[PDB]
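The structure appears right after this line, and notes come after that.
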Amino acid sequence: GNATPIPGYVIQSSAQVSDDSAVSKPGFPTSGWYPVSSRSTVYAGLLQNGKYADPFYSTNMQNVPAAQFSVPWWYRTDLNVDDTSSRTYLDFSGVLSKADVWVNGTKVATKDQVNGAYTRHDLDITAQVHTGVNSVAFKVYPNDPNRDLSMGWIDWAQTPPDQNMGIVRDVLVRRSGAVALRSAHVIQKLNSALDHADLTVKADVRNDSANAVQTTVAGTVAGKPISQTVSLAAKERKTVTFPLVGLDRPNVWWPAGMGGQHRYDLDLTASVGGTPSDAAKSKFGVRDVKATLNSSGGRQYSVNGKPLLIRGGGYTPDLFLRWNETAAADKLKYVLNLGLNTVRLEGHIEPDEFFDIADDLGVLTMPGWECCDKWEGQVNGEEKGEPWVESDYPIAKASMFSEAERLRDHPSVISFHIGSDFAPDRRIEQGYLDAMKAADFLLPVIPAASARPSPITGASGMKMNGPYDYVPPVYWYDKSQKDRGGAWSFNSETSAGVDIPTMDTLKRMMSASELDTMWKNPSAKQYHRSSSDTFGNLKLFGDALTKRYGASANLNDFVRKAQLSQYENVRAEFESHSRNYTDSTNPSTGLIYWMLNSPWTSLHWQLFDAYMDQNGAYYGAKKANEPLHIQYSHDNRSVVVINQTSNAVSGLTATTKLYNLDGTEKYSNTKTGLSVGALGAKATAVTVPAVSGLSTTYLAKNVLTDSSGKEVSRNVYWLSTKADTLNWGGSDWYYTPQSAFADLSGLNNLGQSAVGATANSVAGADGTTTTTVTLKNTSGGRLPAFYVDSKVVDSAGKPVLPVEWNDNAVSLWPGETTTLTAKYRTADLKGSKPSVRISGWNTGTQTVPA
Ligand SMILES: NC[C@@H]1[C@@H](O)[C@H](O)[C@H]2[C@@H](O)CCN21
């Protein structure tokens, strides 16, 4: 029943090994070999040993000699074995790109067999293995994402010097008797009422002994006893199907906020001769998922019979695949703190623990294969990625089987994308469908993330029309342009491009000269945007910033205007899709922001940055996705209430007020007694009329109060009398240009106001600290404290990360008070007392103790 992951390896280039067979013999000298932990790429391992400088800073990464990664590298460990009574197995995946496998001097498998990042292998090594010290070595071959059915980085970042070559999941050393137990899972079916479920337990048994046996596979599923006895010839594998098991009132798994996230347990032992031979424990969820095309042809998801607007972002792991379980939980928690329900994974499909965590938190996942390299090389034409040869087809098929087998019992998984930009052809699709069938993977199969259909599964129901770079907020409200990225159908991957991180992050990722160049010349290439020429610079963003907010006075000015621009755009991006979700015709059915986070330190395509800091894009998404939310439509001036919760709400008041930058109220409306249905339904409070007398730049304050009088949503907009308009005719694939620009430059001259702050910190029994901060606009005038940003910092004024606020980037009118809560791990203070740093657009900066 034993499965023990290999803790670590020493690695070295094959340049230093002239007899392969000598690596895996007990006693082979490893003078100068680099010690690495489990799940390390080669570069990750060399970084761990301090061999190269931090690639998150400047062009450090450019300075790594890449040539050394065009040959094999070895991963070697010893393995103590006290006994050869039990058989021995290597069970693993995550080899990029392929490897030879050696045990004690014998080559047990070649790189023709062990090939493909996602392919699992189960190598019986009983023959080679002896008592005492054993050695095992992988000779891992160079990775080329266009040639290998592997992982590559598209245009998200810059190419990692080793191209991730190595072993990026665990290798398990399994022991067991004559019978090996594999592939235990539970098929689960819920009635439409959600009060009864039927369970089919399936589990493979394999007799690897030389003699025929009887085996009993027994254990528990969801608290219920199960038992089957079968015969196995020598070397025979059987799939055991257990009789149906009824489960009354199942603790149904729900997305976050819609209920609990219970997983049930399956626990099994294969015995031989009234003696345990192998055992496996796993978990599953009781949850129904559907993804169907609506009458408009848009892909529509529903969980346990409840339709959902998918609101999420494209997730990426670390650029060098450095794995850390807490980091993964921390990233997934941010999804919830943002109010998002989903993460998309375009390839780079994470280790299991990532999905246990998503399961435990109720964050929905949309895994799948990636575009723009080998996976799509047979269908994607001149796009990078090599046409397939015959040997590719089984690797591809086996990869789906292995992934489908990993993922089938994780309730968070809602579909698998078998294509990204291009749908697979018939042969390739049939190989995926058969693989999924054989794995009992029963989830929706989405043929592509673009509009392109597959020959069997058919239409995707999704759209990939861009944009991926600067568009103004009103663009997101377009339903007129069918080749564009407005709020309709299912937006599988889109954003407004550049997302300048916080000043603290910037100072950690870029040099003074690099930062100088960023604001002065946005047209210049940035190593920390992308390797692609199309997205190598910040020009479009730079141009729009200057035009819309006014020319940048200095770096501080640029960055402060970037956050406003990012908050403004991401907010509208999400808000538009929330509003249009309940349209009769061509509703929005999904939005995946490109992207949730970055593989590394970046300037684009992110909500939270590599260090988990939180900027304007972060707060904008968080604002847009509040559970009970008031918003302003950039297209038609409608004030809309959105209810993301699972129950209808009543007796709401929606209050809208416009202010000039001198603080003069120019419009007021109070809409009492609104009702709004559950899970994304909306209500209209008012359409703001054309108000005469507004300053060119002005403010809109939207406030939502429940029937108890509690303020439940506050939303402040900086608007212009001068409209954003689009030159549609002049679009290309990645953005639509502007024919005219809004004038928000008024904000440059907004008078100073004040705040107004007091902070206290409680150190909990769960290892977390809560810092509470009460803010008050203390000014004696009529000017609001606009865009007030609070940060939990240590004694040196360095932000404490990760962190989770109930709310932030707030705007308070004179006399007004809000109380904010920040939760974080007490140990992440590293002994410091907590403080709070408080910066407003027009309030300067102060730090208070906490
Ligand atoms: N999977 C679609 C790809 C993304 O992987 C890529 O980052 C983005 C842009 O290059 C436009 C195409 N789109």
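Letters A, B, ... go to the chains of the structure tokens in the order shown; residues in each chain start at 1; ligands are counted from 1 in the same order.
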Residue set, region 594-786 of chain A restricted to strand (DSSP E), as a PDB file with N, CA and C atoms, in the first residue's frame:
```
ATOM      1  N   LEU A 628     -22.727  41.653  -3.998  1.00  0.00           N
ATOM      2  CA  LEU A 628     -23.918  42.512  -4.150  1.00  0.00           C
ATOM      3  C   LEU A 628     -23.391  43.860  -4.601  1.00  0.00           C
ATOM      4  N   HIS A 629     -23.688  44.245  -5.839  1.00  0.00           N
ATOM      5  CA  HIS A 629     -22.858  45.234  -6.515  1.00  0.00           C
ATOM      6  C   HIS A 629     -23.629  46.291  -7.289  1.00  0.00           C
ATOM      7  N   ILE A 630     -23.197  47.540  -7.162  1.00  0.00           N
ATOM      8  CA  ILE A 630     -23.786  48.617  -7.945  1.00  0.00           C
ATOM      9  C   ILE A 630     -22.740  49.107  -8.953  1.00  0.00           C
ATOM     10  N   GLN A 631     -23.159  49.318 -10.203  1.00  0.00           N
ATOM     11  CA  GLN A 631     -22.233  49.656 -11.293  1.00  0.00           C
ATOM     12  C   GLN A 631     -22.848  50.650 -12.280  1.00  0.00           C
ATOM     13  N   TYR A 632     -21.984  51.330 -13.044  1.00  0.00           N
ATOM     14  CA  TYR A 632     -22.391  52.331 -14.038  1.00  0.00           C
ATOM     15  C   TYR A 632     -21.994  51.904 -15.444  1.00  0.00           C
ATOM     16  N   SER A 638     -26.719  53.654 -17.726  1.00  0.00           N
ATOM     17  CA  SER A 638     -27.571  52.914 -16.795  1.00  0.00           C
ATOM     18  C   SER A 638     -26.833  52.494 -15.507  1.00  0.00           C
ATOM     19  N   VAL A 639     -27.479  52.724 -14.362  1.00  0.00           N
ATOM     20  CA  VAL A 639     -26.988  52.252 -13.061  1.00  0.00           C
ATOM     21  C   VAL A 639     -27.647  50.915 -12.764  1.00  0.00           C
ATOM     22  N   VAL A 640     -26.803  49.888 -12.638  1.00  0.00           N
ATOM     23  CA  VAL A 640     -27.251  48.500 -12.629  1.00  0.00           C
ATOM     24  C   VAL A 640     -26.852  47.824 -11.320  1.00  0.00           C
ATOM     25  N   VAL A 641     -27.770  47.057 -10.756  1.00  0.00           N
ATOM     26  CA  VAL A 641     -27.481  46.279  -9.569  1.00  0.00           C
ATOM     27  C   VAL A 641     -27.366  44.803  -9.974  1.00  0.00           C
ATOM     28  N   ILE A 642     -26.286  44.165  -9.523  1.00  0.00           N
ATOM     29  CA  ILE A 642     -25.990  42.775  -9.828  1.00  0.00           C
ATOM     30  C   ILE A 642     -25.916  42.037  -8.511  1.00  0.00           C
ATOM     31  N   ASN A 643     -26.595  40.897  -8.467  1.00  0.00           N
ATOM     32  CA  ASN A 643     -26.635  40.016  -7.307  1.00  0.00           C
ATOM     33  C   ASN A 643     -25.932  38.706  -7.674  1.00  0.00           C
ATOM     34  N   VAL A 649     -32.599  39.015  -3.522  1.00  0.00           N
ATOM     35  CA  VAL A 649     -32.537  40.080  -2.514  1.00  0.00           C
ATOM     36  C   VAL A 649     -33.614  41.152  -2.757  1.00  0.00           C
ATOM     37  N   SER A 650     -34.139  41.729  -1.674  1.00  0.00           N
ATOM     38  CA  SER A 650     -35.256  42.704  -1.727  1.00  0.00           C
ATOM     39  C   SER A 650     -35.054  43.945  -0.872  1.00  0.00           C
ATOM     40  N   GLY A 651     -35.768  45.022  -1.191  1.00  0.00           N
ATOM     41  CA  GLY A 651     -35.718  46.253  -0.388  1.00  0.00           C
ATOM     42  C   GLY A 651     -34.358  46.924  -0.422  1.00  0.00           C
ATOM     43  N   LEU A 652     -33.759  46.938  -1.612  1.00  0.00           N
ATOM     44  CA  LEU A 652     -32.493  47.607  -1.850  1.00  0.00           C
ATOM     45  C   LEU A 652     -32.702  49.082  -2.210  1.00  0.00           C
ATOM     46  N   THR A 653     -31.841  49.950  -1.703  1.00  0.00           N
ATOM     47  CA  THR A 653     -31.802  51.299  -2.277  1.00  0.00           C
ATOM     48  C   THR A 653     -30.508  51.602  -3.038  1.00  0.00           C
ATOM     49  N   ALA A 654     -30.695  52.088  -4.264  1.00  0.00           N
ATOM     50  CA  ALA A 654     -29.594  52.480  -5.132  1.00  0.00           C
ATOM     51  C   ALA A 654     -29.552  53.997  -5.243  1.00  0.00           C
ATOM     52  N   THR A 655     -28.439  54.594  -4.836  1.00  0.00           N
ATOM     53  CA  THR A 655     -28.311  56.052  -4.815  1.00  0.00           C
ATOM     54  C   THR A 655     -27.166  56.478  -5.709  1.00  0.00           C
ATOM     55  N   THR A 656     -27.497  57.276  -6.722  1.00  0.00           N
ATOM     56  CA  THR A 656     -26.495  57.810  -7.626  1.00  0.00           C
ATOM     57  C   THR A 656     -26.398  59.348  -7.562  1.00  0.00           C
ATOM     58  N   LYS A 657     -25.161  59.833  -7.456  1.00  0.00           N
ATOM     59  CA  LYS A 657     -24.862  61.256  -7.331  1.00  0.00           C
ATOM     60  C   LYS A 657     -23.640  61.603  -8.177  1.00  0.00           C
ATOM     61  N   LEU A 658     -23.741  62.682  -8.952  1.00  0.00           N
ATOM     62  CA  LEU A 658     -22.604  63.178  -9.710  1.00  0.00           C
ATOM     63  C   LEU A 658     -21.991  64.385  -8.993  1.00  0.00           C
ATOM     64  N   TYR A 659     -20.668  64.499  -9.070  1.00  0.00           N
ATOM     65  CA  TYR A 659     -19.939  65.611  -8.488  1.00  0.00           C
ATOM     66  C   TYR A 659     -18.968  66.178  -9.494  1.00  0.00           C
ATOM     67  N   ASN A 660     -18.895  67.503  -9.564  1.00  0.00           N
ATOM     68  CA  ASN A 660     -17.773  68.162 -10.219  1.00  0.00           C
ATOM     69  C   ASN A 660     -16.493  68.016  -9.359  1.00  0.00           C
ATOM     70  N   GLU A 665     -22.256  68.908  -5.959  1.00  0.00           N
ATOM     71  CA  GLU A 665     -23.211  67.924  -6.428  1.00  0.00           C
ATOM     72  C   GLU A 665     -24.000  68.504  -7.592  1.00  0.00           C
ATOM     73  N   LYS A 666     -24.158  67.710  -8.650  1.00  0.00           N
ATOM     74  CA  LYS A 666     -24.777  68.159  -9.891  1.00  0.00           C
ATOM     75  C   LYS A 666     -25.948  67.284 -10.285  1.00  0.00           C
ATOM     76  N   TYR A 667     -26.017  66.095  -9.711  1.00  0.00           N
ATOM     77  CA  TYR A 667     -27.150  65.219  -9.936  1.00  0.00           C
ATOM     78  C   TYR A 667     -27.337  64.312  -8.713  1.00  0.00           C
ATOM     79  N   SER A 668     -28.589  64.108  -8.304  1.00  0.00           N
ATOM     80  CA  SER A 668     -28.880  63.089  -7.311  1.00  0.00           C
ATOM     81  C   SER A 668     -30.099  62.273  -7.696  1.00  0.00           C
ATOM     82  N   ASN A 669     -30.008  60.959  -7.486  1.00  0.00           N
ATOM     83  CA  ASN A 669     -31.146  60.042  -7.647  1.00  0.00           C
ATOM     84  C   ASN A 669     -31.166  58.963  -6.577  1.00  0.00           C
ATOM     85  N   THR A 670     -32.331  58.739  -6.011  1.00  0.00           N
ATOM     86  CA  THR A 670     -32.486  57.703  -5.010  1.00  0.00           C
ATOM     87  C   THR A 670     -33.593  56.734  -5.433  1.00  0.00           C
ATOM     88  N   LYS A 671     -33.190  55.503  -5.727  1.00  0.00           N
ATOM     89  CA  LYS A 671     -34.116  54.461  -6.143  1.00  0.00           C
ATOM     90  C   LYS A 671     -34.265  53.430  -5.022  1.00  0.00           C
ATOM     91  N   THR A 672     -35.342  53.554  -4.248  1.00  0.00           N
ATOM     92  CA  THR A 672     -35.608  52.634  -3.147  1.00  0.00           C
ATOM     93  C   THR A 672     -36.432  51.447  -3.598  1.00  0.00           C
ATOM     94  N   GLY A 673     -36.434  50.418  -2.747  1.00  0.00           N
ATOM     95  CA  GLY A 673     -37.224  49.209  -2.953  1.00  0.00           C
ATOM     96  C   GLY A 673     -36.933  48.327  -4.163  1.00  0.00           C
ATOM     97  N   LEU A 674     -35.660  48.162  -4.551  1.00  0.00           N
ATOM     98  CA  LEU A 674     -35.306  47.225  -5.646  1.00  0.00           C
ATOM     99  C   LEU A 674     -35.124  45.798  -5.166  1.00  0.00           C
ATOM    100  N   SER A 675     -35.474  44.884  -6.058  1.00  0.00           N
ATOM    101  CA  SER A 675     -35.315  43.451  -5.893  1.00  0.00           C
ATOM    102  C   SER A 675     -34.401  42.996  -7.008  1.00  0.00           C
ATOM    103  N   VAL A 676     -33.563  42.006  -6.739  1.00  0.00           N
ATOM    104  CA  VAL A 676     -32.778  41.409  -7.802  1.00  0.00           C
ATOM    105  C   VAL A 676     -32.573  39.924  -7.528  1.00  0.00           C
ATOM    106  N   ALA A 681     -28.283  37.704 -11.810  1.00  0.00           N
ATOM    107  CA  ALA A 681     -29.386  38.516 -12.321  1.00  0.00           C
ATOM    108  C   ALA A 681     -29.173  39.971 -11.916  1.00  0.00           C
ATOM    109  N   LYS A 682     -29.857  40.882 -12.606  1.00  0.00           N
ATOM    110  CA  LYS A 682     -29.617  42.316 -12.476  1.00  0.00           C
ATOM    111  C   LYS A 682     -30.918  43.113 -12.308  1.00  0.00           C
ATOM    112  N   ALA A 683     -30.779  44.364 -11.878  1.00  0.00           N
ATOM    113  CA  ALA A 683     -31.901  45.296 -11.849  1.00  0.00           C
ATOM    114  C   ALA A 683     -31.369  46.656 -12.255  1.00  0.00           C
ATOM    115  N   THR A 684     -32.216  47.444 -12.927  1.00  0.00           N
ATOM    116  CA  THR A 684     -31.865  48.810 -13.313  1.00  0.00           C
ATOM    117  C   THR A 684     -32.444  49.798 -12.325  1.00  0.00           C
ATOM    118  N   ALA A 685     -31.569  50.630 -11.770  1.00  0.00           N
ATOM    119  CA  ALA A 685     -31.967  51.667 -10.822  1.00  0.00           C
ATOM    120  C   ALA A 685     -32.446  52.899 -11.582  1.00  0.00           C
ATOM    121  N   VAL A 686     -31.607  53.392 -12.485  1.00  0.00           N
ATOM    122  CA  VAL A 686     -31.885  54.631 -13.200  1.00  0.00           C
ATOM    123  C   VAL A 686     -30.959  54.723 -14.408  1.00  0.00           C
ATOM    124  N   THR A 687     -31.392  55.452 -15.435  1.00  0.00           N
ATOM    125  CA  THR A 687     -30.486  55.918 -16.486  1.00  0.00           C
ATOM    126  C   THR A 687     -30.148  57.379 -16.211  1.00  0.00           C
ATOM    127  N   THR A 697     -13.754  66.593 -16.666  1.00  0.00           N
ATOM    128  CA  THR A 697     -13.660  65.416 -15.812  1.00  0.00           C
ATOM    129  C   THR A 697     -14.580  65.587 -14.597  1.00  0.00           C
ATOM    130  N   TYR A 698     -15.435  64.596 -14.347  1.00  0.00           N
ATOM    131  CA  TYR A 698     -16.314  64.614 -13.168  1.00  0.00           C
ATOM    132  C   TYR A 698     -16.395  63.251 -12.460  1.00  0.00           C
ATOM    133  N   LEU A 699     -17.153  63.179 -11.368  1.00  0.00           N
ATOM    134  CA  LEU A 699     -17.250  61.970 -10.562  1.00  0.00           C
ATOM    135  C   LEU A 699     -18.668  61.437 -10.479  1.00  0.00           C
ATOM    136  N   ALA A 700     -18.810  60.111 -10.491  1.00  0.00           N
ATOM    137  CA  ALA A 700     -20.086  59.454 -10.232  1.00  0.00           C
ATOM    138  C   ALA A 700     -19.944  58.568  -8.996  1.00  0.00           C
ATOM    139  N   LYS A 701     -20.806  58.791  -8.005  1.00  0.00           N
ATOM    140  CA  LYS A 701     -20.798  57.988  -6.785  1.00  0.00           C
ATOM    141  C   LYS A 701     -22.052  57.104  -6.747  1.00  0.00           C
ATOM    142  N   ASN A 702     -21.846  55.794  -6.862  1.00  0.00           N
ATOM    143  CA  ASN A 702     -22.940  54.823  -6.764  1.00  0.00           C
ATOM    144  C   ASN A 702     -22.868  54.079  -5.428  1.00  0.00           C
ATOM    145  N   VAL A 703     -23.962  54.083  -4.674  1.00  0.00           N
ATOM    146  CA  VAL A 703     -23.984  53.438  -3.362  1.00  0.00           C
ATOM    147  C   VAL A 703     -25.194  52.524  -3.264  1.00  0.00           C
ATOM    148  N   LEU A 704     -24.983  51.351  -2.687  1.00  0.00           N
ATOM    149  CA  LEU A 704     -26.053  50.393  -2.547  1.00  0.00           C
ATOM    150  C   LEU A 704     -26.247  50.116  -1.066  1.00  0.00           C
ATOM    151  N   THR A 705     -27.479  50.268  -0.605  1.00  0.00           N
ATOM    152  CA  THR A 705     -27.771  50.003   0.799  1.00  0.00           C
ATOM    153  C   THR A 705     -28.901  48.989   0.920  1.00  0.00           C
ATOM    154  N   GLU A 711     -24.645  49.945   4.085  1.00  0.00           N
ATOM    155  CA  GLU A 711     -24.006  50.169   2.800  1.00  0.00           C
ATOM    156  C   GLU A 711     -23.347  48.850   2.397  1.00  0.00           C
ATOM    157  N   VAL A 712     -23.752  48.295   1.249  1.00  0.00           N
ATOM    158  CA  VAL A 712     -23.253  46.977   0.806  1.00  0.00           C
ATOM    159  C   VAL A 712     -22.361  47.070  -0.442  1.00  0.00           C
ATOM    160  N   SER A 713     -22.506  48.144  -1.203  1.00  0.00           N
ATOM    161  CA  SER A 713     -21.589  48.381  -2.289  1.00  0.00           C
ATOM    162  C   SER A 713     -21.390  49.862  -2.456  1.00  0.00           C
ATOM    163  N   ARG A 714     -20.140  50.262  -2.637  1.00  0.00           N
ATOM    164  CA  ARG A 714     -19.811  51.619  -3.064  1.00  0.00           C
ATOM    165  C   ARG A 714     -18.961  51.576  -4.337  1.00  0.00           C
ATOM    166  N   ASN A 715     -19.336  52.372  -5.337  1.00  0.00           N
ATOM    167  CA  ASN A 715     -18.612  52.407  -6.612  1.00  0.00           C
ATOM    168  C   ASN A 715     -18.452  53.816  -7.149  1.00  0.00           C
ATOM    169  N   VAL A 716     -17.200  54.271  -7.205  1.00  0.00           N
ATOM    170  CA  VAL A 716     -16.897  55.621  -7.658  1.00  0.00           C
ATOM    171  C   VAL A 716     -16.201  55.578  -9.015  1.00  0.00           C
ATOM    172  N   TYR A 717     -16.735  56.391  -9.919  1.00  0.00           N
ATOM    173  CA  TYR A 717     -16.302  56.499 -11.275  1.00  0.00           C
ATOM    174  C   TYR A 717     -15.755  57.900 -11.558  1.00  0.00           C
ATOM    175  N   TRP A 718     -14.634  57.953 -12.265  1.00  0.00           N
ATOM    176  CA  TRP A 718     -14.184  59.211 -12.833  1.00  0.00           C
ATOM    177  C   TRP A 718     -14.595  59.190 -14.304  1.00  0.00           C
ATOM    178  N   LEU A 719     -15.484  60.125 -14.644  1.00  0.00           N
ATOM    179  CA  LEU A 719     -16.065  60.191 -15.979  1.00  0.00           C
ATOM    180  C   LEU A 719     -15.614  61.448 -16.732  1.00  0.00           C
ATOM    181  N   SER A 720     -15.955  61.515 -18.014  1.00  0.00           N
ATOM    182  CA  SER A 720     -15.623  62.682 -18.819  1.00  0.00           C
ATOM    183  C   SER A 720     -16.823  63.107 -19.632  1.00  0.00           C
ATOM    184  N   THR A 725     -14.460  56.889 -28.203  1.00  0.00           N
ATOM    185  CA  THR A 725     -15.054  56.262 -29.378  1.00  0.00           C
ATOM    186  C   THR A 725     -14.015  55.398 -30.054  1.00  0.00           C
ATOM    187  N   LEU A 726     -14.473  54.453 -30.864  1.00  0.00           N
ATOM    188  CA  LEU A 726     -13.588  53.475 -31.495  1.00  0.00           C
ATOM    189  C   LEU A 726     -13.575  53.555 -33.017  1.00  0.00           C
ATOM    190  N   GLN A 738      -8.714  53.912 -31.282  1.00  0.00           N
ATOM    191  CA  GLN A 738      -9.674  54.931 -30.887  1.00  0.00           C
ATOM    192  C   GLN A 738      -9.705  56.032 -31.933  1.00  0.00           C
ATOM    193  N   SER A 739     -10.906  56.523 -32.222  1.00  0.00           N
ATOM    194  CA  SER A 739     -11.040  57.651 -33.120  1.00  0.00           C
ATOM    195  C   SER A 739     -11.048  58.940 -32.296  1.00  0.00           C
ATOM    196  N   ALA A 740     -11.555  58.838 -31.068  1.00  0.00           N
ATOM    197  CA  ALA A 740     -11.516  59.936 -30.087  1.00  0.00           C
ATOM    198  C   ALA A 740     -11.337  59.395 -28.666  1.00  0.00           C
ATOM    199  N   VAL A 755      -7.248  62.434   5.232  1.00  0.00           N
ATOM    200  CA  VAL A 755      -7.676  61.267   6.015  1.00  0.00           C
ATOM    201  C   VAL A 755      -6.552  61.003   7.060  1.00  0.00           C
ATOM    202  N   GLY A 756      -6.847  60.558   8.281  1.00  0.00           N
ATOM    203  CA  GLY A 756      -8.153  60.141   8.748  1.00  0.00           C
ATOM    204  C   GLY A 756      -8.122  58.678   9.169  1.00  0.00           C
ATOM    205  N   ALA A 757      -7.018  58.224   9.773  1.00  0.00           N
ATOM    206  CA  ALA A 757      -6.776  56.776   9.902  1.00  0.00           C
ATOM    207  C   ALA A 757      -6.333  56.218  11.257  1.00  0.00           C
ATOM    208  N   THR A 758      -6.875  55.055  11.601  1.00  0.00           N
ATOM    209  CA  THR A 758      -6.553  54.357  12.854  1.00  0.00           C
ATOM    210  C   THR A 758      -6.571  52.824  12.657  1.00  0.00           C
ATOM    211  N   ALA A 759      -5.533  52.143  13.141  1.00  0.00           N
ATOM    212  CA  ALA A 759      -5.371  50.719  12.858  1.00  0.00           C
ATOM    213  C   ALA A 759      -5.042  49.848  14.085  1.00  0.00           C
ATOM    214  N   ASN A 760      -5.703  48.690  14.176  1.00  0.00           N
ATOM    215  CA  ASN A 760      -5.424  47.728  15.253  1.00  0.00           C
ATOM    216  C   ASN A 760      -5.332  46.293  14.728  1.00  0.00           C
ATOM    217  N   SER A 761      -4.516  45.472  15.383  1.00  0.00           N
ATOM    218  CA  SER A 761      -4.248  44.122  14.899  1.00  0.00           C
ATOM    219  C   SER A 761      -4.461  43.021  15.938  1.00  0.00           C
ATOM    220  N   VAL A 762      -5.271  42.020  15.580  1.00  0.00           N
ATOM    221  CA  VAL A 762      -5.541  40.862  16.438  1.00  0.00           C
ATOM    222  C   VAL A 762      -4.860  39.609  15.885  1.00  0.00           C
ATOM    223  N   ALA A 763      -3.999  39.007  16.703  1.00  0.00           N
ATOM    224  CA  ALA A 763      -3.270  37.790  16.339  1.00  0.00           C
ATOM    225  C   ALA A 763      -4.039  36.525  16.728  1.00  0.00           C
ATOM    226  N   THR A 768      -3.336  33.327  11.802  1.00  0.00           N
ATOM    227  CA  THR A 768      -3.575  34.550  11.045  1.00  0.00           C
ATOM    228  C   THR A 768      -3.734  35.786  11.935  1.00  0.00           C
ATOM    229  N   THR A 769      -3.369  36.936  11.380  1.00  0.00           N
ATOM    230  CA  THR A 769      -3.605  38.204  12.021  1.00  0.00           C
ATOM    231  C   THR A 769      -4.651  38.996  11.241  1.00  0.00           C
ATOM    232  N   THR A 770      -5.528  39.653  11.969  1.00  0.00           N
ATOM    233  CA  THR A 770      -6.428  40.585  11.338  1.00  0.00           C
ATOM    234  C   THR A 770      -6.057  42.013  11.776  1.00  0.00           C
ATOM    235  N   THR A 771      -5.703  42.840  10.796  1.00  0.00           N
ATOM    236  CA  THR A 771      -5.537  44.269  11.005  1.00  0.00           C
ATOM    237  C   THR A 771      -6.798  45.002  10.545  1.00  0.00           C
ATOM    238  N   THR A 772      -7.398  45.772  11.452  1.00  0.00           N
ATOM    239  CA  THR A 772      -8.576  46.580  11.166  1.00  0.00           C
ATOM    240  C   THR A 772      -8.151  48.037  11.016  1.00  0.00           C
ATOM    241  N   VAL A 773      -8.663  48.713   9.993  1.00  0.00           N
ATOM    242  CA  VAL A 773      -8.293  50.103   9.750  1.00  0.00           C
ATOM    243  C   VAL A 773      -9.520  50.962   9.503  1.00  0.00           C
ATOM    244  N   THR A 774      -9.699  51.971  10.338  1.00  0.00           N
ATOM    245  CA  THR A 774     -10.833  52.852  10.185  1.00  0.00           C
ATOM    246  C   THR A 774     -10.355  54.119   9.502  1.00  0.00           C
ATOM    247  N   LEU A 775     -10.953  54.437   8.358  1.00  0.00           N
ATOM    248  CA  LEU A 775     -10.589  55.633   7.597  1.00  0.00           C
ATOM    249  C   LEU A 775     -11.723  56.666   7.614  1.00  0.00           C
ATOM    250  N   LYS A 776     -11.369  57.945   7.748  1.00  0.00           N
ATOM    251  CA  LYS A 776     -12.348  59.032   7.729  1.00  0.00           C
ATOM    252  C   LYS A 776     -11.873  60.227   6.896  1.00  0.00           C
ATOM    253  N   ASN A 777     -12.717  60.684   5.976  1.00  0.00           N
ATOM    254  CA  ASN A 777     -12.390  61.909   5.267  1.00  0.00           C
ATOM    255  C   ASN A 777     -12.474  63.028   6.308  1.00  0.00           C
ATOM    256  N   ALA A 785     -11.999  62.340  -0.500  1.00  0.00           N
ATOM    257  CA  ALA A 785     -10.739  61.593  -0.450  1.00  0.00           C
ATOM    258  C   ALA A 785     -10.887  60.475  -1.481  1.00  0.00           C
ATOM    259  N   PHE A 786     -10.239  60.653  -2.620  1.00  0.00           N
ATOM    260  CA  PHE A 786     -10.460  59.822  -3.793  1.00  0.00           C
ATOM    261  C   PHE A 786      -9.347  58.788  -3.965  1.00  0.00           C
TER     262      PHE A 786
END
```
Neighbouring residues of ligand 1 are defined here as those with any atom at most 7 Å from a ligand atom, counting only C-alpha atoms and all ligand atoms; list them as a PyMOL selection string. chain A and resi 154-156+346+370-371+420-421+466+468+734
Using only C-alpha atoms, which protein or nucleic acid residues come within 7 Å of residue 233 (chain A)? Drop anything in the same chain fewer than 6 positions from it, and give the result as a ChimeraX atom specification. /A:207,211-213
With only C-alpha atoms as the counted atoms, please give the residues lying no more than 8 Å from region 269-271 of chain A, apart from itself and same-chain residues fewer than 5 positions off, as an MDAnalysis selection string. chainID A and resid 1 179:181 205 215:219 276:280
So, with only C-alpha atoms as the atoms that count, which of A:589, A:502, A:530, A:24 lies closest to residue 617 (chain A)?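 The closest residue to residue 617 (chain A) is A:502.
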Report the closest atom pair, with its distance in Å rounded to one decimal, for each residue of region 15-47 of chain A that has an atom no farther than 6 Å from region 158-173 of chain A; count only C-alpha atoms, sort by chain and then rising residue number, and write it as CSV.
```
residue,atom,partner,partner_atom,distance
A:39,CA,A:168,CA,3.8
A:40,CA,A:168,CA,5.4
A:41,CA,A:166,CA,4.5
A:42,CA,A:166,CA,5.7
A:43,CA,A:162,CA,6.0
```
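Coordinates place CA of residue 103 (chain A) at a distance of 7.6 Å from CA of residue 134 (chain A).
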